[PDB]
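Only this structure's heavy atoms are used, side chains among them; waters, hydrogens and symmetry mates stay out. Atoms within each ligand, like the ligands themselves, are counted from 1 in listed order. Chain letters run A, B, ... following the sequence lines, proteins first, then strands; residues in each count from 1.
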Amino acid sequence: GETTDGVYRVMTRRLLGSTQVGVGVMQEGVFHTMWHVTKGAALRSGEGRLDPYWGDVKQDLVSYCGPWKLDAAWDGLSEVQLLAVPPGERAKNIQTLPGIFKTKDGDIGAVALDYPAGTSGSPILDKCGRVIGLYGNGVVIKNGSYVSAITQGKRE
Amino acid sequence: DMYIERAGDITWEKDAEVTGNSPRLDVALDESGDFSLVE
Ligand SMILES: Nc1noc2cccc(C(=O)Nc3ccc4c(c3)CNC4)c12
């Protein structure tokens, strides 16, 4: 059905009422979201169906209808915007300067903004509006707040 | 069954609410895609 570019909510009628389990990006006919949102399950878009095409539990990413299309990267210097789409609430741009996740295999950008788990898959943008990653996979620091990585896939 | 609903356009917003800090954390990524703090 709806394949127009944009940010979308991922809903389920399985639990009580309609519950938002996550968010995703539609770009070039491909829906991009985090693996933990759908678990690789099929998705519905009105009367149409979206079938998983690529996915990886370790990266925590999944694409529907085609290969991962998003390949912009954080420059390691500039402020970014989390286009947060929280459950039952309007989409809203939040500007922040990312921190750093230091790993044994290199450093990753990290946005320190606290949002409900159902906000997972919300895009992080550069000043050009290009998607540099998705919010939803990170860690819980000492006080209980969430610090998420700027998770990006690979455009083959 | 899961379904998608449009929520908006992907554009940078000039004069958006600026918040959040920039922390440097030593983390570890496991095979299940879960990050954990290494201190
Ligand atoms: N625990 C959270 N507190 O605030 C959040 C905001 C967004 C997301 C989460 C979260 O739980 N993410 C997640 C869930 C399952 C998995 C992964 C990541 C990666 N592996 C499987 C949270």
Chemist: Judged by atom type as modelled, is there a donor-acceptor pair below 3.5 Å linking the side chain of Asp34(B) to the main-chain atoms of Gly138(A)?
Modeler: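 Answer holds: no.
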Chemist: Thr38(A) side chain to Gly40(A) main-chain N or O, any donor-acceptor pair under 3.5 Å?
Modeler: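 Yes; at least one donor-acceptor contact below 3.5 Å.
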Chemist: Which heavy atom of the protein is the closest neighbour of atom 14 (C) of ligand 1, given with residue, atom name and distance?
Modeler: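 The closest one turns out to be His36(A) CD2, 3.5 Å.
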Chemist: Heavy-atom distances under 4.0 Å decide this one: backbone, side chain, both or neither, for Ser148(A) against ligand 1?
Modeler: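 No part of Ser148(A) comes within reach of ligand 1.
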Chemist: Return the residue, atom name and 0.1 Å-rounded distance of the protein heavy atom closest to atom 1 (N) of ligand 1.
Modeler: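 For this ligand atom, the closest protein heavy atom is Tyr146(A) CE1, 3.7 Å.
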Chemist: Between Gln27(A) and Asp5(A), do the side chains contain a donor N or O and an acceptor N or O under 3.5 Å apart?
Modeler: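 Distance-only check fails for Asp5(A) and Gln27(A).
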Chemist: For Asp114(A) and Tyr146(A), indicate whether the former's side chain and the latter's backbone hold a donor-acceptor pair under 3.5 Å.
Modeler: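 A pair under 3.5 Å: yes.
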Chemist: So, 4.0 Å and heavy atoms of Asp34(B): is ligand 1 close enough to count as a contact?
Modeler: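 Within the 4.0 Å threshold, so yes.
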Chemist: Number the atoms of ligand 1 from 1 as they appear, then name those within less than 4.0 Å of a heavy atom of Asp60(A), with their elements.
Modeler: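 Those of ligand 1 that fall under 4.0 Å from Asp60(A) are 19 (C).
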Chemist: Between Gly33(B), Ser120(A), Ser145(A), flag the one that comes closest to atom 7 (C) of ligand 1 by a heavy atom.
Modeler: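 Among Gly33(B), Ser120(A), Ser145(A), the closest heavy atom to atom 7 (C) of ligand 1 comes from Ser120(A).
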Chemist: Check whether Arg9(A) reaches the backbone of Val23(A) with its side chain - one donor and one acceptor, N or O, closer than 3.5 Å.
Modeler: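 Flag not set: sc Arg9(A) to bb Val23(A) has no pair under 3.5 Å.
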Chemist: Pull out every atom of ligand 1 sitting under 4.0 Å from any heavy atom of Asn137(A), numbered as shown with elements.
Modeler: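 Close to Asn137(A): 17 (C), 18 (C), 19 (C).
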Chemist: Hey, does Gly136(A) come in under 3.5 Å of ligand 1, counting only N/O atoms on both sides?
Modeler: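 Yes: some nitrogen or oxygen of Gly136(A) is under 3.5 Å from one in ligand 1.
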Chemist: Going by atom types alone, do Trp68(A) and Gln152(A) pair a side-chain donor with an acceptor below 3.5 Å?
Modeler: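 Yes.
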Chemist: Checking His32(A) side chain against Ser63(A) main chain: does a donor-acceptor pair fall under 3.5 Å?
Modeler: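 No.
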Chemist: Just which atoms of ligand 1 are under 4.0 Å from any heavy atom in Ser32(B)?
Modeler: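 Answer for ligand 1: 20 (N).
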Chemist: Residue-level breakdown please: for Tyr115(A) versus ligand 1, do any non-hydrogen atoms fall below 4.0 Å on the side chain, on the backbone, on both, or on neither?
Modeler: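 Backbone only.
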